[PDB]
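A lone chain, given as structure tokens: the form deposited in one PDB entry.
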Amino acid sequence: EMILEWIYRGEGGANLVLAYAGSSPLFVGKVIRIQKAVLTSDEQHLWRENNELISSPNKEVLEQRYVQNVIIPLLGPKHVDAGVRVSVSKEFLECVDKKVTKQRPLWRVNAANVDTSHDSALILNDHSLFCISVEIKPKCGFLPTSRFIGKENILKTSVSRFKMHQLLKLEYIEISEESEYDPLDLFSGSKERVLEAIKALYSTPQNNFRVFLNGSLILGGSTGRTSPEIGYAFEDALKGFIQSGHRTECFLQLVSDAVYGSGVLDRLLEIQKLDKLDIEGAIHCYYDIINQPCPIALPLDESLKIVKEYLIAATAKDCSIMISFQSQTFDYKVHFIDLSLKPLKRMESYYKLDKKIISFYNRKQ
């Protein structure tokens, strides 16, 4: 309740996120997440064990309810925050939709603008405040086993989706350079491997690693490999916060610690592991679910449970982490961001891309 009649921050393949540059208290220490560009009969039934959710008139209530009633059950309220729907004037959105641009990338602006056809939107806490913030999009930290992975593709079990992906990514000139990062070290649950992988991240950040100083981006994009001058540049900007060219071994170590310590990565890999069958498997259920033939036996309910659980792992595989630091002794909050319910149609796309990735990496040999 209130209706609206804000400075650029970030943007994934869904929302614009802007920060609050004003003096109002309900809005201070907040950020507003805006949509770019309300359930299929099949979605309603997949998510039907929660009526409030399946009843939703628009996404804002939807994500909000999803996160609160589907996810928070799984991750606890500590690192999660459901969001606050909030009214908006269509004219508001157009106004912003120009205040944007600029910092805005291009291959991105291309695909999507702001959805001027919502009058709703999400307000969230600005985990870049309380300061040095890290955001990790870890991606998937495990390997499959599922007896539904073809024989032809026996690498899906020995080489991570992320790693196989970088290759293709490359062929398509998304990234100029293979990433060092191995989501396995990170989800490996050991202090030693955590740090390996966060150095990996610093090293070549891409769209996984990002650092924020009083809300201001000082490392990260996605990006190409950290050229040594950016090193001194970044190590420079550190001068102050950290008492120590060592401020940057120490800082990574400081991240290593909070990530491993909070053990937030574990209470995550579990949800990611809800993908019990892998898309090669789960795709068959999807078609039965929707009423068509698996162009690639269990009761309707088990199939549904399966596709459903897949989509929740799917949420957890595409989320990001935020770690904040203050005051050597430091404070820190870890929070999850980007915990969206995935469209049921993505099942065809999920499988599409998987097919393509495993097929390309299989060639490479």
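The first residue of the shown sequence is 1; numbering continues from there.
Same protein, other form: the form deposited with a small molecule bound, not shown, and the subject of what follows.
Enquirer: Would residue 253 count as a contact of the small molecule in the bound PDB entry, using a 4.5 angstroms cut-off between non-hydrogen atoms?
Expert: No, no contact at 4.5 Å.
Enquirer: With the partner left out of view, is residue 49 within 4.5 angstroms of the small molecule in the bound PDB entry by any non-hydrogen atom?
Expert: Residue 49 lies outside the contact set for the small molecule.
Enquirer: Taking 4.5 angstroms as the cut-off for heavy atoms, does residue 191 touch the small molecule in the bound PDB entry?
Expert: The answer is no: residue 191 has no heavy atom within 4.5 Å of the small molecule.
Enquirer: Heavy atoms within 4.5 Å of the small molecule in the bound PDB entry: does residue 203 have any?
Expert: Contact with the small molecule, no.
Enquirer: Could you tell me which stretch in 134 to 142, 267 to 275, 95 to 103, 152 to 160 has residues with non-hydrogen atoms within 4.5 Å of the small molecule in the bound PDB entry?
Expert: After filtering at 4.5 Å, what remains is 134 to 142.
Enquirer: Does the small molecule come within 4.5 Å of a heavy atom in each of 108, 318 and 342 in the bound PDB entry?
Expert: Yes, because 108, 318 and 342 each have a heavy atom that approaches the small molecule to within 4.5 Å in the bound PDB entry.
Enquirer: Considering non-hydrogen atoms and a 4.5 Å limit, which listed residue (199, 78, 118, 169) is close to the small molecule in the bound PDB entry?
Expert: Contact with the small molecule in the bound PDB entry is made by 169 alone.
Enquirer: With the small molecule left out of view, which of 244, 216, 176, 207 would have a heavy atom within 4.5 Å of it in the bound PDB entry?
Expert: Contact with the small molecule in the bound PDB entry is made by 207 alone.
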